[PDB]
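The sequence shown begins at 32 in the authors' numbering and counts up one residue at a time. The beta-carbon is built from N, C-alpha and C at its ideal position, and this holds for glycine as well. Each remark here refers to the structure printed beneath this line.
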Amino acid sequence: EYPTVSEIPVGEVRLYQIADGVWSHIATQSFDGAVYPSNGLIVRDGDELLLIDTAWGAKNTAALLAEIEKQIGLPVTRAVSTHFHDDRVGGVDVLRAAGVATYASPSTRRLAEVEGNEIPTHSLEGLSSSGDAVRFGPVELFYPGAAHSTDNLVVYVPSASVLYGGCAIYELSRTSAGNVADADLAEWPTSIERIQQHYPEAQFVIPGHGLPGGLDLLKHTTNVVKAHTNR
Ligand SMILES: O=C(N[C@H](c1ccccc1O)P(=O)(O)O)c1csc2ccccc12
Ligand SMILES: [Zn+2]
Ligand SMILES: [Zn+2]
Ligand SMILES: [Zn+2]
């Protein structure tokens, strides 16, 4: 049902309708001779769309916009990047060029700048302390605390009970931590517990990469992170 990394030619983007007015977007990026899948979110807000995260790169992000115009045909007026790494902000210049207002927390914008990555135009206030939540159009943005990165945000669509955890949440088939250079391994399980406490009603949980699931993805991620902690 859900597109897997094998079924998407590099450069092409798939959309997957999660619930009413909620899609994920799936793209792949070759990297070090391996191919990785990557997820973002699209949320309908009246007759406009809110975009969550780029499709990992200029060419992928351009194809994302073209696929949205093709299948949904509503304008992407705003976009939020959930942390500063290239798979979340790579392509922000393309969004900006297309007239999309791009947003991130000031923590994310700063870290993107230090990394030399593309930098969202707008700063999201009210997200600087663990447990902070703000509404942003049809979603709630939540800062659970440092985890995959110190700045990661998670996104919840209350109308559809969809939780988008970004790269702070692992898919079930990932049993080892992979890249954690910018992570807070010490705070990560506590941050995940805050997600569980704040969204106990979530019906669908979308990880930053790979297959969606339920709230079981959270304790699975904690297990992976604690195992890596004890490596
Ligand atoms: O895509 C993965 N890493 C993301 C990433 C990698 C390189 C540069 C920027 C960037 O953003 P990330 O660290 O930001 O999540 C990833 C690492 S192992 C694995 C296994 C399955 C699917 C994906 C991955
Ligand atoms: Zn990352
Ligand atoms: Zn603006
Ligand atoms: Zn990622």
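- Message: Here's the rule I'm using: 16 or more other beta-carbon atoms within 10 Å means buried, otherwise exposed. How should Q60 be labelled?
- Response: Label assigned to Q60: buried.
In whole angstroms, give me the CA-to-CA distance for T85 and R127. Whole-angstrom Cα-Cα distance: 11 Å.
Which one or two residues does DSSP pair with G197 in a beta bridge?
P238
- prompt: Among the residues of its own chain, which have a CB less than 8 Å from the CB of residue 12, if the five just before and after it don't count?
  reply: The first residue shown for the chain is 32 and the last is 262, placing residue 12 beyond what the model contains.
message = Could you pull the DSSP bridge partners for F173 from this structure?
response = Per the DSSP secondary-structure output, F173 pairs in a beta bridge with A164, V185.
**Q.** Pairwise C-alpha distance: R225 and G162
**A.** Near 7 Å, if we compare the C-alpha coordinates of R225 and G162.
| query | Would the beta-carbon of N183 fall within 7 Å of that of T113? | reply | yes
_Buried or exposed for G239, going by 16 or more other Cβ atoms inside 10 Å?_
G239 is buried by the Cβ-count criterion.
Less than 6 Å between C-beta atoms, sequence neighbours within five positions excluded: which residues of the same chain meet that for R119? In the same chain as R119, and ignoring 5 residues on each side of it, the C-beta atoms closer than 6 Å to its own belong to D84, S112, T113, in chain order.
Heavy atom of ligand 1 less than 6 Å from the Cβ of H116, yes or no?
yes
So what does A50 bridge to, in DSSP terms?
-> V53
Start-end ranges of the alpha helix (DSSP H) lying completely within the stretch 123-152, minimum 4 residues: 123-128, 137-146
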